[PDB]
């Protein structure tokens, strides 16, 4: 299972909050048939579970503490193994988030074959974020999250990108345009896969 994983096709999809990285991922899975994994999607399902894991998390969260990187990575390992005999590839949404977190993933799971960098400029993600707030009921008064979420991304995230191009695996998509025209670009990179 060490090797079966290491040879698996792993694509990190990294980009700012509101860059449109989920929708892209959902078109990849429809096209390509890859396995699409979001951390907050695992987190959510863990919680619902009622696992002993699902509960340590719930409770550290409700204290409003930050979830620990090894449990997140554990969670992710399990889910990749569980699909490894059957899957075409793994699609990993918003991850890493911190350079050392991309370090932990290669050690404990496997190397990424590709890093999909969904690049959108600031007003594009902010907008997309304003609209997504209405869409969910989020009463928010403040641009303290938009503003702050963005800031933290450029701060922690944009340095994953630099770590990555050293290895020659990053491929950037301009994320302005339709979902179809951004996806058009994704196809390009996805095509040279394997």
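Residue numbers count along the first chain shown, from 1.
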Checklist line | 111-119 versus 86-94 - greater average Cα B-factor per the deposited record | finding: 86-94
Notebook entry, point to check: Given the B-factors recorded for C-alpha atoms, which segment has the greater mean, 143-151 or 54-62?
Noted result: 143-151
Next item on the list: Sort 138, 44, 36, 27 by C-alpha B-factor from the entry and give me just the highest.
Entry: 138
Check: Hey, what third does residue 18 fall into on Cα B-factor, ranked over its chain?
Finding: middle
Next item on the list: Can you work out whether the C-alpha temperature factor of residue 128 puts it in the lowest, middle or highest third of the chain?
Entry: middle
Next item on the list: Relative to the other modelled residues of the same chain, rank the CA B-factor of residue 161 and answer lowest, middle or highest third.
Entry: lowest
